[PDB]
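S.K.: One structure, as structure tokens, below. Some questions next.
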Amino acid sequence: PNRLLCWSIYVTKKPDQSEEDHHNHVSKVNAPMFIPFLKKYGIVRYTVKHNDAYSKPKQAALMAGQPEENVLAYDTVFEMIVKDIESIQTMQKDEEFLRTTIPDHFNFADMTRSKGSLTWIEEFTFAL
Amino acid sequence: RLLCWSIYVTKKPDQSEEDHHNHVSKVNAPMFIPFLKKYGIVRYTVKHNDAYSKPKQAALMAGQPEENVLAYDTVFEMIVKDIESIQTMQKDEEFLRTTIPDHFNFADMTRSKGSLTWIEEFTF
């Protein structure tokens, strides 16, 4: 099958880190650090999803009174679209990738409360 | 900033994996997509965590507990410019009649979750 894949990391922020510092680090340090590696290994698209002070009032409106347990709690989601998992695997072997990005997790992520996901996707883009 | 409205779906308990994903892709999607265009959704994505993807997932997450893997069977994601697009579609009488109730055919709502985020995106 010719199915695009999505490799997603669901990130809980580091304990006692403020929302603002978490998202500033993700947007201004971590995501920029990944871009060169993502390009090099053929990633199709890279998306960072933020659940923060800007989105939370919009979320509250759409949730319209529902209980908080019904809301996915992760602070950031990283999503990499790829055509094959070889791209992810090879980038995960890159020693420069590993030595550069691993020390950074301690600056923004509670990795014990974070999760990974590899799915296949169907996408519909409505722009003409 | 673009927004992403996401619903993390656990399949019905007595629904098989194959029937869940077939319903989402082959029954729900043809009904839903007309409304998504009508109300100006930028992009609709269904993420599938099924027998096709799970071995690739297991390769990526080898050497870690299975609990480190997101467990939802499907994730529904719509990129929008604003939440008013979503709210207006939710009042569409046909959408309310034909398509909103369809989730009883594929989702365990007691084990499903929602999320509104803002997104930053790079396309290579």
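So you can find residues: chains in the structure tokens are A, B, ... in the order shown, residues in each start at 1, and ligands are numbered from 1 in order.
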Show me which bits of chain B are within 6 Å of chain A, counting only C-alpha atoms, as a count of residues only.
M.R.: 25
S.K.: Using backbone DSSP assignments, extract all strand (DSSP E or B) residues from chain A; output them as a ChimeraX atom specification.
M.R.: /A:5-11,13,45-50,71,76-82,109,115-125
S.K.: One decimal, Å: what's the distance from atom CA of residue B:6 over to atom CA of residue B:19, could you say?
M.R.: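 We find that atom CA of residue B:6 and atom CA of residue B:19 lie 21.6 Å from each other.
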S.K.: Out of B:50, B:16, B:24, B:32, which residue has the shortest atom-to-atom distance to residue B:100 when counting only C-alpha atoms?
M.R.: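 Of all the options, B:32 lies closest to residue B:100.
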S.K.: Which is closest to residue B:87 among B:103, B:64, B:5, B:111, if we use only C-alpha atoms?
M.R.: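 Nearest to residue B:87: B:5.
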S.K.: What separation in Å, quoted to one decimal, exists between atom CA of residue B:81 and atom CA of residue B:4?
M.R.: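 According to the coordinates, atom CA of residue B:81 and atom CA of residue B:4 are separated by 8.8 Å.
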